[PDB]
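# Coordinate analysis (summary)
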Amino acid sequence: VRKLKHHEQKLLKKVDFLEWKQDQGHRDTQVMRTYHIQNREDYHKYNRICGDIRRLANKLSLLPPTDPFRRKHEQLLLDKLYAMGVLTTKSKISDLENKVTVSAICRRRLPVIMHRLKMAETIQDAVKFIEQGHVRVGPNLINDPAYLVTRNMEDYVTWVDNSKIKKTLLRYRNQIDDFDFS
Amino acid sequence: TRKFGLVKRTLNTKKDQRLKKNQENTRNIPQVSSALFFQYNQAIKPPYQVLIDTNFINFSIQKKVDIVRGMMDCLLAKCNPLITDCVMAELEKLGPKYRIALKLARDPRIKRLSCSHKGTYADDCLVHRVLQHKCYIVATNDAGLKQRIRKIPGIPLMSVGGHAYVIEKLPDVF
Amino acid sequence: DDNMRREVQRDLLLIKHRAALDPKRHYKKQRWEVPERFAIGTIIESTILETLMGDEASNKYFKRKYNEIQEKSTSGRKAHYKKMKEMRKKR
Amino acid sequence: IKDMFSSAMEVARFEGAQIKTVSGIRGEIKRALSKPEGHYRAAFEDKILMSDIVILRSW
Amino acid sequence: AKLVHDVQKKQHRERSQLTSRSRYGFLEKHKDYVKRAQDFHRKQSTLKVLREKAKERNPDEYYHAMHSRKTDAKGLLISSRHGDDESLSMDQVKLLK
Amino acid sequence: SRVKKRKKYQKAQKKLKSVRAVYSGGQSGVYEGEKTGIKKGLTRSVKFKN
Amino acid sequence: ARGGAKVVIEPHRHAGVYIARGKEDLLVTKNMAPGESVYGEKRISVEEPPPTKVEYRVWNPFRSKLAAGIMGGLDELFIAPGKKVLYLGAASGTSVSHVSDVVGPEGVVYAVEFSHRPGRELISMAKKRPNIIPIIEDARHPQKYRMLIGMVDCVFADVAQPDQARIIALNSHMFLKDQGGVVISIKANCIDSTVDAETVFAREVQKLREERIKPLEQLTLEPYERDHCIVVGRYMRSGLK
Amino acid sequence: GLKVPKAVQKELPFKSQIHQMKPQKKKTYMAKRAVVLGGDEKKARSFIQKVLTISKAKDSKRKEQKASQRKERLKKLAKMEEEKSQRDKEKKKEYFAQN
Amino acid sequence: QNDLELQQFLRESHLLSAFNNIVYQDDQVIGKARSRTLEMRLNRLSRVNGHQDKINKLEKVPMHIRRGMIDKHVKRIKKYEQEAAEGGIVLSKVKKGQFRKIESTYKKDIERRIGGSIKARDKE
RNA sequence: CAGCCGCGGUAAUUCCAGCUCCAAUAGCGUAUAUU
Ligand SMILES: [Zn+2]
């Protein structure tokens, strides 16, 4: 579309082919670009899970404050989300509405975990290294980039053995032992 | 062979020029006037030229001070009172309660002065005249315009106080 | 060309740094950079480096100021440290 | 520290005293050294220098 | 100085190192001690940061520049003096000779 | 007091030259140039606003 | 700056103007006719590639009000290479030669001068500089040379008369294009010796606004000149507002 | 200068590793080959070095003097800010008594 | 008047009536009644030391939508007052500019969108 | 926060050289009242 003239813009104020109100600012596309999300529906599945969390938090808030049921369930939810890694802290109840985002879940995906662990320089590099078969979480090889890492499961995200990446880093430090297969 | 990390091409709202927000995307230090000493305007001399503001006329009428005669008594010198187009337009917008002020502004001893700006805002118009040329004396009783003229160096300020006009920042008036 | 900039690059330094050529002459604050296009001319009624080295009083001033800067730069350093530590060994 | 005192008995009367450096570094007399007699051990809040002078203020 | 005599503001002169202690050098004061102590504290703070980084290093980190960089037998990084190569081909060597 | 007024006037006359450009008469000798240089990026013209 | 001294010539922000850098900076223009001096000014010879000699001329700000303005820091000089300039008040043509140098071979300078004896010098200079057209005629009556001048890009006015505002208006209404530039040199003593210079400049600017020239910028030519002003403005025939 | 221990240097992360060149012991062919002019070129090298040294020293001197001046006038403006703030504090209480 | 829970119950008697369809105590009240009563108490506490512009700011609504909502609400208020005047029924006095609070106001939560009065006419 | 008080020394010591700057000037401050 060419640039509208002045008299045309007044008659065509609402016209926009690229930004619609139902797009919600292309927040989904922004988040997928930040965390290299490949599947299109991943943001919306994550958003539905966040919506369940926020709906439950709203109901617990509408419960009376000095309710043992309310306090127990809010602490249960805070502990569960913190253990998964979605919540950075357990201090505030209000984080169950303010700090539950899609990006918070996407920061627990495997390439973001590797990039934070300095295993890969970019999230896209981490994605490619995952699909190329270099990454194991424990004994198990993970070639799915969408795999979500728990706080406990962070400690076993490591390079697979016989990896050219692992041999390269050992050879850089001059600590490569070929008996160990490197 | 296929590339790795394949993603679907979508709209990059940060960097697409078709969007309006991305579509939107020498040094000048003015010289100090040669009419001025450090705070003293030395080029100014009679006959002075007095840019009148609307409330100056209104307070002149309330205190029954003649405009030309009162200015001549205040300055002890001949003066040229100038009313700009925006000042006369403000007096005309003031309505039917101020037709006496309108007529006393229409008095032919007051010389008119054309304006080539949009809208009718006497404060910015007079301040722009002042910031350009140092030959004017600003007559006003508005507090904000008084503060602006006091911040501008080398510009005399006239006001209606009590029985007659009072001058300020003109060293010649003794 | 690159060769032209190589052969005139000192003349373009004595103009970039002309504020340190005469103690009595002072200039306006200009962060002059070598332009992408220029030319070398001669005034009609020897380069600047050759004239400045031919002037002898300027050479004396440059040498004196350089020696003062050398004193300021070397004061308190390794030579001072060794002389201070040698004063202890001497007794 | 040396030259402040002449014997370990003199040190032992003044043990626990505030001392300070001409630089301004504060310290404490801690114990009397066995040999030689007038010397003592002191603890300061920072490392001091061999150019320093230790002073004890009395009246 | 509203109510201070100019004799109240006299200069108190600095004392020097003793002539028996002149072998040790200059007598420090608070102004010299502050420089010495500030220098030590800056050095110790950056050394603490470096020790913390060395402790919290991940063995499994990978960089593409690991292919370029080399480590000597002592375990330290080799930094080329001239490299930004070092070796000349025979074709270059013949022309230069 | 006259001497102090004299030296105050000399100080103010020296300061005014640093504040703004001051007419000192026309050139008498041949044109040597600008002894302080020429700036092409600096504009001293006071600009009209509306 | 003496003979044989080396300088570095670099372009100015204004097109067609250059700076010679050395121990002392110079404003220079490229000589249309190399090997001649109009008024005994210093000239700079640059060898440029066979190499052909190219010569530049020093623009004296004490001698030329346009050079005084450029050195004092004007923002917009409408005089540019390739443009048609109407010079009013040409006189002997000292600044006219530099205007010719700035507009270059593609440009045209219509230099209007009234007196015949400086007009002889202007005609003689027009031989060496083919882009200068001498108009030996009163600038107060522009209807006489309307067959000679057609549709200039800029109007420069160096004339010192009490009615220079009417002179500029009469020439701009005929020959100046819409959205064109007007550069005016104002001498307060020649306009009105009674009132002060600030009053004179204010009245002249207001007269331009009446005659539909919008003043863009204002400059006083110190230390080169006393009570001299340059007004640069745009001829907005449609409307100043 | 700061001396980092070689154990810490050995264990530093990849981004944080220190680049420390070694001195060269042997003359290289390029070092033997390199041609160094003399006479007027040597005098030009001396002249340029002295000029650049004086330029850098003068710039450093001017920056230090400007730093002292701005520190003093910043202290003056701090005092002016405190007195203006106190006056406005008094004025606000004096106004709100009327309103 | 110094007593608190009595004045609070009197002030919030309309919200409890609207949403409890007593459970006035804070340890019993649940749901929308709890949310709106907490909002009322917090707004009342913030009113005295908060600047009114930053305290009460309406939800953003398009002009035609908000004007239509105000017109329909004013029709409801005028109808209610007209029937309570025909069948002679005493009503609480309301200020000249402010809207009258009714059951539709409390249920619909219209006060957030249209405000207590018209600020422009109040300023004029 | 302050500092005429330091360790010796009063013919004893030549030291921020008498620390720098501002304004009025044979005049120039303070207190209280008052426009
Ligand atoms: Zn106006």
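Conventions and cut-offs
Residues numbered from 1 in each chain as written, not as in the entry; some residues may be left out. Chains lettered and ligands numbered in written order. Part of a larger assembly, values for the part shown. Heavy atoms only, no water. Residues with missing side-chain atoms left out of burial classes, pairs and counts. UniProt positions renumbered as here; feature names shortened; annotations may be inferred. Donors = N, O, S within 2.8 Å, 3.2 Å for Na, K, Ca; no water. Tetrahedral: all angles 85-135°; square planar, octahedral: opposite > 155°, others 65-115°. Buried < 20%, exposed > 50% of the residue type's maximum accessible area, 1.4 Å probe, protein only. Contact = heavy atoms within 4.5 Å. Salt bridge = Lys/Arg side-chain N within 4 Å of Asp/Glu carboxyl O. Polar contact = N/O pair within 3.5 Å; in protein donor to acceptor, adjacent residues only side chain to side chain. Helix = DSSP H or I, 4+ residues; strand = E, 2+ residues; numbered from the N terminus. Nonpolar A, V, L, I, M, F, W, Y, C, P; charged D, E, K, R; others polar. Pairing = 2+ DSSP bridges. Core = buried A, V, L, I, M, F, W, Y, C linked by side-chain atoms within 4.5 Å. Axes fitted to C-alpha atoms, helices over the stretch in contact; angles between N-to-C directions. Parallel < 35°, antiparallel > 145°, perpendicular 65-115°, else oblique. Near = heavy atom within 4 Å. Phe/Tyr/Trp six-rings, centres within 6.5 Å; stacked < 30°, edge-to-face > 60°.

Looking at the entry header, you'll see cryo-EM listed as the method and 3.05 Å as the resolution.

Looking at the PDB entry, one finds chain D named Ribosome biogenesis protein BMS1 and attributed to Saccharomyces cerevisiae.

As annotated in the PDB entry, chain B is rRNA-processing protein FCF1 from Saccharomyces cerevisiae. Here chain B is described in UniProt, under the heading Subunit, as follows: "Interacts with FAF1." UniProt lists a comment for chain B under the heading Sequence similarities, and it reads "Belongs to the UTP23/FCF1 family. FCF1 subfamily."

### Quick look at the coordination of the zinc ion
Residue and element names in this part refer to chain B. Taken together, the protein ligands of the zinc ion are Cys 86 (SG), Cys 115 (SG), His 117 (NE2) and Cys 125 (SG), with distances of 2.1 to 2.3 Å. One can describe the site at the zinc ion as tetrahedral: its four donor atoms subtend angles covering 101 to 118° at the metal. All donor residues of the zinc ion come from one chain, and their arrangement in sequence is C-x28-C-x1-H-x7-C. Judged on exposure class, the residue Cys 115 and its partner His 117 are both buried.

### Some words on the interface of chain G and chain F
Contact with chain G, which involves 34 residues of that partner, is made by 21 residues of chain F. Here chain G and chain F share four salt bridges between them. For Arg 20 of chain F, the salt bridge is made with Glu 222 of chain G, and the minimal N-O distance between the two is 3.6 Å. The interface formed by chain G and chain F holds 14 residue pairs in polar contact in total. Every element with two or more residues in the side of chain G that touches chain F is listed here: β2 (18-21), β3 (26-30), α1 (65-72), α6 (197-210) and β11 (213-220) of chain G. Looking at the side of chain G that touches chain F element by element, the count peaks at five residues for β11 of chain G. Grouping the constituent residues of the side of chain G that touches chain F by class yields 17 nonpolar, five polar and 12 charged. As paired strands, strand β2 (residues 46-47) of chain F and β11 of chain G are joined by two bridges and run antiparallel to one another. Note that in β11 of chain G the partner of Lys 47 of chain F across the bridge is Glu 217 of chain G.

### What to know about the nonpolar core
Residues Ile 9, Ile 44 and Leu 66 of chain G are the most contacted members of the largest nonpolar core, which totals 48 residues. Ranked by the residues each element gives to this core, the list is headed by α1 of chain G, at five residues. If we skip the residues at most four places from it in the chain, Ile 44 of chain G touches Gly 41, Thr 42 and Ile 43 of chain C together with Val 7, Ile 9, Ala 20, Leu 26, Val 28, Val 54, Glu 55, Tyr 56 and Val 58 of chain G. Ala 139, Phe 175, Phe 201 and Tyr 235 of chain G belong to the second-largest nonpolar core, a separate cluster that totals 32 residues.

### Concerning the packing of helix α2 (residues 54-62) of chain B against helix α5 (residues 99-106) of chain B
All names here are of chain B. Running from N to C, α2 and α5 point in directions that differ by 105°, and their axes come no closer than 10 Å. When the axes of α2 and α5 are compared, the pair comes out roughly perpendicular. Contact residues: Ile 57, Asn 58 and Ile 61 in α2; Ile 100, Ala 101, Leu 104 and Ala 105 in α5. Tallied by class, the residues present in the contact of α2 with α5 amount to six nonpolar, one polar and no charged.

### Structural notes on the sheet that holds strand β2 (residues 140-141) of chain A
Residue and element names in this part refer to chain A. With respect to topology, three strands assemble into an open sheet ordered β2-β1-β3, the strand pairing being antiparallel. Each edge of the open sheet carries a strand with a single partner, namely β2 and β3 (157-159). Across two bridges, the pairing between strand β1 (residues 135-137) and β2 is antiparallel. By the bridge assignment, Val 137 is partnered in β2 with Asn 140.

### Some points on the protein's contact with RNA strand J
As a matter of local geometry, RNA strand J sits amid 15 residues, with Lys 9, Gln 11, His 12 and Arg 13 of chain E together with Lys 11 of chain F nearest to it. The contact atoms of RNA strand J, taken as those within 4 Å of the protein, divide so that sugar and phosphate hold 40%. One of the side-chain N or O atoms of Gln 11 of chain E is found 2.8 Å from a sugar or linking oxygen in RNA strand J. When its residues are assigned to classes, the surface near RNA strand J shows one nonpolar, five polar and nine charged.

### With respect to the packing of aromatic side chains
All names here are of chain A. This structure, assessed with the given rule, holds 17 aromatic pairs over all chains. Considering the side-chain rings of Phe 129 and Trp 159, the 5.9 Å spacing of their centres and the 70° angle between planes classify their relative orientation as edge-to-face. One end of the pair, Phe 129, is in helix α8 (residues 123-131); the other, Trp 159, is in strand β3, and 30 residues separate them in sequence. Of the two residues, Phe 129 and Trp 159, neither departs from the other in class, the shared state being buried.

### Focus on the UniProt feature "domain: PINc" in chain B
Taken from the UniProt record, the annotation "domain: PINc" applies to residues 48-147 of chain B. Here residues 48-147 of chain B is 51% helix and 18% strand, with 21 Å between the C-alpha atoms at its ends.

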